[PDB]
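Residue numbers (the numbering used here), protein chains in the order written: chain A, 884 to 1209; chain B, 884 to 1209; chain C, 884 to 1209; chain D, 884 to 1209; chain E, 884 to 1209.
Here a beta-carbon is modelled for each residue, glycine too, at the ideal position from N, C-alpha and C.
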Amino acid sequence: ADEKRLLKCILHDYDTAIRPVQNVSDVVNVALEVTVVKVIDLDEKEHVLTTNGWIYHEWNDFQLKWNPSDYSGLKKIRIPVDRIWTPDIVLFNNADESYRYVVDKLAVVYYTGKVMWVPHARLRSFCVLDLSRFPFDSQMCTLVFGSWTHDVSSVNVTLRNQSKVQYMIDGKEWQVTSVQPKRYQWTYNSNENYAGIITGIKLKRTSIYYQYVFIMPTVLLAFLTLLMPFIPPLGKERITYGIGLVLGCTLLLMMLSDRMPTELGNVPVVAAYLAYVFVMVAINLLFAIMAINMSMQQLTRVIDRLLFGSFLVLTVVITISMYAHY
Amino acid sequence: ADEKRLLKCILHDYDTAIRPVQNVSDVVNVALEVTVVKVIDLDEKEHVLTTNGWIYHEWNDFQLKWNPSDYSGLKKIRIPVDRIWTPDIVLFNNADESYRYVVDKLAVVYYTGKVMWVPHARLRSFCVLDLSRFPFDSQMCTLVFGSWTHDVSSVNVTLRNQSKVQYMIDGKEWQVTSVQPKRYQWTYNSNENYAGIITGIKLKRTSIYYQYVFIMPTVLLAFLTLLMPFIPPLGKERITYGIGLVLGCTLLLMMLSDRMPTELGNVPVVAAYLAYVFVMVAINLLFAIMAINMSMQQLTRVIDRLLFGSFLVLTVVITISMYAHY
Amino acid sequence: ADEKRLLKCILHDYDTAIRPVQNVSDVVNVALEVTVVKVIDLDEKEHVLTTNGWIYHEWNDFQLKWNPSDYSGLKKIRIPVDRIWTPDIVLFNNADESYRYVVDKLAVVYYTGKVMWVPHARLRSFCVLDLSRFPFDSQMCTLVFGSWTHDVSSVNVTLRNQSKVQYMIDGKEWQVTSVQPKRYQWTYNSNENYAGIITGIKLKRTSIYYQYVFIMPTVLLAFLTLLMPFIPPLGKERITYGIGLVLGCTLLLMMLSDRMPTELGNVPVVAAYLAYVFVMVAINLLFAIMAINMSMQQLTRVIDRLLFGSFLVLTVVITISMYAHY
Amino acid sequence: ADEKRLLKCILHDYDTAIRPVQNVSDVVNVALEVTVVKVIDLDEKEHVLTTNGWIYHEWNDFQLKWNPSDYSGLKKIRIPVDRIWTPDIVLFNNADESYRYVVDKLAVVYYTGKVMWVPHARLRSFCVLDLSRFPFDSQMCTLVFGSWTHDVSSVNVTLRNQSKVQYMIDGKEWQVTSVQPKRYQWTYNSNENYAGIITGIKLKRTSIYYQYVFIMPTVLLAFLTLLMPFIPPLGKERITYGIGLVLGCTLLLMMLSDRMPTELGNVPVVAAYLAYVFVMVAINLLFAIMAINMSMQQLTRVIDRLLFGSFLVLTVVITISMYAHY
Amino acid sequence: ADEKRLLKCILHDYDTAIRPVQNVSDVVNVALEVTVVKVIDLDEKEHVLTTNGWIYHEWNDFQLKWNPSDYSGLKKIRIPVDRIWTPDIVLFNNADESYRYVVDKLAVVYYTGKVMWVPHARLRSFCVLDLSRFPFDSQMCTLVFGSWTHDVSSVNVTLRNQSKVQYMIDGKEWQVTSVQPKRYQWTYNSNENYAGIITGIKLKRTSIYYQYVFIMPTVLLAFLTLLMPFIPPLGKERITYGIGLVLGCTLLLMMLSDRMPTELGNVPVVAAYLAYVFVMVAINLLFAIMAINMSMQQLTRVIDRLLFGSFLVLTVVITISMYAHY
Ligand SMILES: *[C@@H]1O[C@H](CO)[C@@H](O)[C@H](O)[C@H]1NC(C)=O
Ligand SMILES: *[C@@H]1O[C@H](CO)[C@@H](O)[C@H](O)[C@H]1NC(C)=O
Ligand SMILES: *[C@@H]1O[C@H](CO)[C@@H](O)[C@H](O)[C@H]1NC(C)=O
Ligand SMILES: *[C@@H]1O[C@H](CO)[C@@H](O)[C@H](O)[C@H]1NC(C)=O
Ligand SMILES: *[C@@H]1O[C@H](CO)[C@@H](O)[C@H](O)[C@H]1NC(C)=O
C-alpha cells in the first residue's frame, strides 16, 4: 500500500527520546490549549477537582518531513504516540498517583510536521477553596500544565495562537466560567528557568442541595429558639423545650460536620450560624433556669419580653448579614 | 499445520497503525451495535451509570484476504487484537480513569476481511437525572461512542444493517427500556467533522427500598403532626410532642441528606414534602406557644379546630400532588 | 541441561494464537471444574459475591508432544502461560473491571499433551438475592464460565471425568453448600451456538450479628409499644412515651436503611416489621390523643383494654409469622 | 567493564522457565523466612490483616556458577528478577486481586549460586478472629506461603537453618507476638503432595479507643438504669426517664453495630452487655408502667426496693464477668 | 542529527543492571535531596501521610561520558530512565501497594556523567502521631529513603552538598516545618550494613474545623451540665433535663468516635473531657434522684449549692488544664 510505505520511509530510525530539532541550541515551539468539556466534581474534603477535558498539543517536527505530490496526496496520517516523540507536559498538582490518559494512543501528523496529539483525560487537580462564602461560594480553581523534566532551553511551552476559548460549560450543579489561559516563567532554581501554562475555571454553585440540607433546618431551628422565651417557667416544658433544641442543634451540627470538610481555613457562614444558634440555646437555657429558680415578685415578664426583643433584633441582623451573600 | 501457515501468510507485514484501506481517499465502513446485558447501578451522587454489556465491531479489511478453497476451508479464524488493526471507538463520557476491557483480546476474521471484534465491558457513563420525580422517576441514560482521534475522513461509523435490538433487560431494581440507536455527525470544529453513535436506556425505578425508607416515615410524621392540634395547651405535652416531631423530622432530614445526592438540580418531591412537614411543625409549635401563653377567654378551641381543618385540606392536597406521580 | 533442550525442541514455532488442533474441523475438548476454597463476602448493596477459589483447566494439545523414553523420563514440566496457547474461558458476570488472576503464570504439561493449568482467583460475580427471608435467607449464587470469543465450533467446554466435588466449605459467617456443575449450551444467535459451565453455591446465613442488630431491638421496641396503652391519659406521659417510641423507631429505621441494600425487590421481613411498629406507634398515639381530649364519662378504660388485647394478639401472630422462618 | 562481562557470560541461555537443577529427578532446596516489620491494620469487617514486611528467599542455582579467582573478586552481583529464575512462593490467602511487590526487582547472587531475593510487601491475608473476648482479645493470625503451581517434586520449600526470629514488633495499637514458622506438606490430591510454611502473629489489643468508646458509655448507661427504680411513679418522670434510656441504648447500639463487624460468629461480650442493658430498660419500664397503673394499698415501695437489690446484684455479677477478661 | 548519533554512541551496550562503576570495590556516590511541595493529608485512621513532592537523585556514571568540544556543545541531554542505570532508592514505609511515580520517565545527563534524575511523587508514608495534644498537636512525621536490595558496599547514599532546604511550605490546613535531612546507617544484620536518608516534617494543626466541631459543643454541654443543680427537684424537669444531657453527650460521643481514629495510644484530651462530662451527668443525675426521693426536712438546697460550687471549680480547673495547650 501507500500508508505502510510512508510509515516505513519516515519511521526509519526515529528514536522516542531524541529531541525533534535540527539545531541543538534551537528549541521546539510546543503549543498547548486545554479545554474542559464537563466538570465531574469538586470535593473539598481533599481539595480535589475532577474535570473531564482534552488537551491540545501541537509542535513542529524536523524529522517528520515528506512531500505529498510524489506520494499521492494523503495529507492526514495517524500515528500512535509510542512510535513518535512526545512532550512531557503534565499537570503539576495531579491528585491521582499516576497521570492517566484516555485515547492518548494515536496522534495525527501533517506533511509539514504539525502533529496535533489531543489526549482526553479526567484531570484531577488541586485548588484552594474559600469556604467563607460556603455554600454560596465562587471558589475558582486553576489547572496548570508544564514540563518538570526539561525546561525552556528544550521546549518553549507556548499558548495557542487562536485563543477563542471563551466558553461557558454550564452544568446542573455548577456554572463554569472559563478564564483565558496565560503563560508564566517557572523558576526551578536561580540558574535555570521553566515554563508553565495556567488556566482558570470559576465555579459558581447553583445547586439547591446545600441550601435545603443546611440553611432551612438551621434557620428554622433559630426560629424555634426565637420563640423559646415565651413559654412560662411554671409550665414544666420550658426546660424540656430548651433541651429538645439542644438535641436538635447537636444533630444538625453532626450532619454539617459529616458534610463540611476537615481541611478548613476560616469557618463557613452556615457553620458559624449553627454555632451561634447553639449558643443562643445555651444562653436562653441560662435565663430559663434563672427564671424558674426565681419563681419558686414575678418580674420575669419584663425580663423575657426585653430578652425576646433583643434576640429578635440581633438574630434578624445576623440573618440579613448571612443573606447578603445571596 | 494450516492455521499457523495462514497466520504466517496473512500477518507478513501488517502494522497495527496503518489504516486498512486500498485508496487513501476512501474510508472504511466500521459498523457498531452496543448491547447492555445487565445494568449494575445508577449512582446519582456522581451521576455515574455502570452497565455490563458487549459492543459489536464490524469493518472490512483490505489487506487481510485469503481464498479458502486452496486453504482447505477454514472460514473462521480467531486473531488477537494486538496483531491486527483496531478502531479507536470509545465511550465519550467514560467515568473510569482508563477505558477498560473484558476479553477484548481476541477477534474473529473471515476470508472476505469481515472481522467481528466483540468486546465485553462494564461501561461507566454519565447521565443527566431529573430528580423531580425521584424516586418514581424515569431518568433516561445515554451511551455514546465515537472516535476522538480520527474522523469521518478516516472511518464512517455506521449502524448495523440489522438493528433488531428492541430488547427489554428487566432487572430486580430497574426496568430497562432499550432505545433504537441513532447516528449523529459530531463537529469538532468548523472545518473538520466527526461521527458518533448514541443509544438510550430508559430506567424506571421499581425498587420498594426508596419509598419504604423515605415516603412512609415522612407521610407518617405528617400524620402525627396532623394530630398535634388536639393536644390541650395545659397538658404540658403539646410542646414536648412538637419538639419530638422536630427531632423526628431532623432525623428524616439527615437520612435524606445522606442518601439523596449532593449534585442536585431541582428539589426532589420527597425532600420538598419533608421540608414542608418540618415547617409544618414550626408553624403549629408557634400556634401552640401562643395558645399556652394566652391560656394563662379560652377561644383556642375554635382556633385550633379551624387550624386542623386547614391543615387537613392542605396536607391532603400536597399528598395527592405527590401521589399523582405514582 | 535437558529441560532447556525440551523447551527449545517443543516450543519452536508455537504461536499463542493458533488453535491447538490437527484437523481444522475438529475441536479441542477443554475440561473445567471450579472449586471455591473460601468465600470472602456477599454484599447485597451491589449484588456482588467475592469468593476465593481455583479453576482447573485441562485440554489436549496436538503440537506439544514428546516421548520421555529418549528424553530421560521427565514427565513433569512447568510452562508459563505467556508462551503456550490458552483458552479464553472467563466468568460471564465478573464484577471487576478486568478479569484478574493469582499465580496464573505457570502451567504444567504432560508428554501426552495434558496441560493442567490451575489459576487461583478472587471471583467477583453477581447474584440474585431473595431477601424476603432476610436475614434468615438462603440466597443461592451461580458462578458461570465460558468463552465469549470462540464457541463450540472451536472448543467443547466440558466437565471433568470425575466430579467428586461434593464438598461443604463451612465458614464462620456462611454455610456453603456446593452444587455439582452443569453444562448448558449458550446461544449467542440463531445460527451460532456457544458453551458454558454453571456451578451453584447455596449460602445459608448462620451469623448472629444481623439478628442481634435488627430483630432484638425491633421486637423489644414493639414490646414497649405494646405496653403503651396502660399509661393513664392524664399522667402527661402517654404522649411523651409515644413520641419516645417514635424517635426510637426512627433511629432504628435509620440504622436498618443504612445496612439494608438499595437494590431491592420484595421488602424484607424485618423491614416490614419495623414499618409495622411505625404503624403501631402512629395508631396508639392517635388513640391516646383521642383519650386525652375525651378526658377533659370516662369509658376509656374498656377502650384501651380491648385495644391492648387486639394489638397483643395481632403482634404475637405477626411475630410467630416472622419466627416461622427460623 | 567487568560486571558487564559477568552478565554477558552467565546469562547466555538463561530461560526464565527452566528449573535451575542439574538432575531432573532432583529438586532445589528453596528456603524461606517471612518477617513482619510493621503491622498496618486488622479489619474484622472483611477479616483482612495488612502487615508490612519482607520475605526472604534462598535457593541454590546450578547454571549460575563462576569463580572469582580469574574474574577479579566481585563476590556481590545484583540481578533483576526479570532475567533470573524465581520460585512461585505466594501467600495462600492473599486479599488483594493481584499479588503485589515492593522493590522485588533486584536480587543478589553469589559465586556459588546462592541467590538471596528478598522482596518487601504489604501482605493482605485472611485470619480467623475470636470476637468473644473483643475488645480484650488475642486474635492470632497466620501467614501461609507455598507454591500453587509446582510441588515438592520440583522444590523443597524449607525453613531457614538459623531461625532466630523471636522478635517483638510492639506497636501503638497492637502487641505483636511472633511465632516460629513451621512447615507442613499440603495435599492437593491423594497422588501428589505440596509444601507450605506457616508463621503466626499474635495480636493483643492494647488500644484504649475501644474501651473508651464502648465499655464506658455502656456501663454508664447501665449505671443510670440501675438507679431508675428510685424515681416515684407519680413524678411523671419515671416513664420519660425510661424512654430516654431507650433512646440512649438505641444510639449506642447503632454506633456499636456501625463499628462491630458483620461477619461474626459468637456475640462479643460488649454487644451482649448492651443487649442486656437494653432488655434491662425494657423490664424496668414494664415494672414502672405497672407501678403507675396500680398507683391510681401502695405497697410498691417494697417492690422496687427488692427489684433494685436483685438487679444490682445481677448487674454487678455480669460486670465482673466482663472484667474477668481484663 | 547530533543527539541521535550521541545516543547511538553512548548507549551501545549499556545494560540496565550493571553497576556504573570502574573499580568493582569502589562504590558510586549517589546523592539525594527530598523536597515536599504540598502536603495533601494526614489520616490518623491508618497513620498515613500523603505529601506531594520531588526527589533529587544525582550520581556519577563511569560508562556515560563524552567530550562536548568535538560534538558541537550539547551539554545537557534528556534520557528516559528505562535505558540507563537507576538506583533502587525507595521510601521504607510506603503506604501504597506499589511505589508509584509521576513523570519519572525522563532524566537529564551531563557530559561529566552527572545524571540528575528528579522524580515527582505523592509520597504515602507512615508516621507516629501523639494524639494526646490533639487537636492542638504538633505530630511530626518522618520520610525515610534507602536501598533495600543493595547496601553501602554498592552505593554510598549521601546527602546533597548544599542543604539549603530550610523552607516553610505553609498550607491552609497544616503549618509545615521542614527539618534538615540526616543520614543514618541502617543495619540489616551484624555482618552487612546499609544506608538511609531521613527527613522530618513538623505538622502543626491550624484548622478551625476540629475545635469548632468538638470542643465548642463539648464545652457548652459541660456548661449546660453545670447549671443542672439549680433546677428544683419537684419541677419534674431536672430528671428530664439530665436525660436530655445524656442523649446529647451520647450523640457527641458517636460523632467523635466517627472522627477520632481507631489506632489510638493515650486518650485525646477532648475525649477525656467528654468522658468527664459523662461523669458529670451521671453523678448529678444520681444526686437529683436522691434529692427527689428525699423530697417526698428539705435541706437539699445547701446540698446542691455546695455541689454546684465543687463541680464548678473542678470543671473550670480541668477546662484551664485543657486550655493550657492553646
Ligand atoms: C517563547 O515564546 C515567547 C512568546 O512571546 C517569547 O517571548 C520567548 O522569547 C520564547 N522563548 C524561546 C526560548 O523561544
Ligand atoms: C456514511 O454512511 C452514511 C449512511 O447513509 C452516508 O450517508 C454517508 O455519506 C457516509 N459517509 C462516508 C464518508 O462514507
Ligand atoms: C461435547 O461433549 C458433549 C458431551 O456429551 C457431546 O454431547 C457433544 O456432542 C460434544 N460436542 C462437540 C462439538 O464435540
Ligand atoms: C525436604 O526437606 C525436609 C527437611 O527435613 C526433608 O525431611 C524432606 O525429605 C525433603 N524432601 C525432599 C523432596 O528433598
Ligand atoms: C560515605 O560518605 C560518608 C560521608 O562522610 C563517609 O563518611 C563514608 O566513609 C562514605 N562511605 C563509603 C563507603 O564511601
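Taking a beta-carbon distance threshold of 7 Å, D:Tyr993 does not count as an interface residue toward chain E. In terms of side-chain proximity, the C-beta atom of D:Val910 is found nearer than 6 Å to a non-hydrogen atom of ligand 4.
Judged by DSSP secondary structure, C:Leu1086 falls within the beta strand (DSSP E) whose first and last residues are 1079-1088. C-alpha of B:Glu916 to C-alpha of B:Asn1039: approximately 14 Å in a straight line.
Between C:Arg1121 and C:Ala1171, the gap from beta carbon to beta carbon is short of 7 Å.
For A:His895 and D:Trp1000, the gap between their C-alpha atoms comes out near 41 Å. Within the region 903-982 of chain B, the beta strand (DSSP E) runs of at least 3 residues that lie entirely inside it are, in chain order, 914-926, 931-943, 960-962, 972-974. Counting every other CB atom within 10 Å of its CB across the protein chains shown gives B:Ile1203 a total below 16, marking it as exposed. Interface residue (Cβ-Cβ distance to chain D less than 7 Å): C:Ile1091 is classified as such. By the Cβ neighbour-count rule, E:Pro1064 is buried, with 16 or more other Cβ atoms within 10 Å of its own.
For D:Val920, the closest alpha carbon among the candidates D:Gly936, D:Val931, D:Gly1079, D:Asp909 is that of D:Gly936. Nearest to B:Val1027 by C-alpha distance, out of B:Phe1017, B:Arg1007, B:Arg1043, is B:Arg1007. A heavy atom of ligand 4 is found nearer than 6 Å to the CB of D:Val1035. From the beta-carbon of C:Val1150, the residues of chain B found nearer than 7 Å are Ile1091, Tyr1095.
Ligand 3 never approaches E:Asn976 closely enough for any of its heavy atoms to be under 6 Å from the residue's Cβ. Boundaries cannot be given for E:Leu1182, as no beta strand (DSSP E) includes it and DSSP labels it neither H nor E. For D:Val1011, the secondary structure class from DSSP, reduced to helix, strand or coil, is coil. Per DSSP, the beta-bridge partners of B:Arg1066 are B:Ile1080. Contact of B:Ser1140 with chain C by beta-carbon distance below 7 Å is absent, the smallest such distance being about 12 Å. Rounded to whole angstroms, the separation of the alpha carbons of B:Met1111 and C:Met1179 is 16 Å.
Using a Cβ-Cβ cut-off of 7 Å, E:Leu1130 counts as an interface residue toward chain D, since at least one Cβ of chain D sits closer than that to its own.
Nearest CB-CB separation between D:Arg902 and chain C: below the 7 Å threshold. When the Cα atoms are used, B:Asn943 and B:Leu925 turn out to be separated by approximately 36 Å. When distances are taken from the beta-carbon of E:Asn1039 to the heavy atoms of ligand 5, the shortest one is below 6 Å. Going by DSSP, D:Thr1101 is part of the alpha helix (DSSP H) stretching over 1099-1109.
Counting the other CB atoms within 10 Å of its CB gives D:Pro970 a total of 16 or more, which places it among the buried residues. The region 1124-1139 of chain D makes contact with the region 1100-1110 of chain D; the number of CB pairs closer than 8 Å reaches 3 or more. Comparing alpha carbon positions, the residue from E:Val922, E:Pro963, E:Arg983 closest to E:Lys1055 is E:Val922.
From the listed residues A:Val931, A:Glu886, A:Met1205, the smallest Cα separation to B:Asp909 is found for A:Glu886. Within the region 976-1009 of chain C, those residues whose Cβ lies closer than 8 Å to any Cβ of chain D are, in chain order, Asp979, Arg983, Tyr984, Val985, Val986, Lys988, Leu989, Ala990, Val991, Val1001, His1003, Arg1005. Each residue's CA atom was taken as its position, placing A:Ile967 and D:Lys988 some 29 Å apart. For A:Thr1133, the enclosing alpha helix (DSSP H) starts and ends at 1121-1142. Rounded to whole angstroms, B:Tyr1077 and A:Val1152 show a C-alpha spacing of 48 Å. At a cut-off of 7 Å between C-beta atoms, D:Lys928 does not count as an interface residue with respect to chain E. At least one CB of chain A lies nearer than 7 Å to the CB of E:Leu957.
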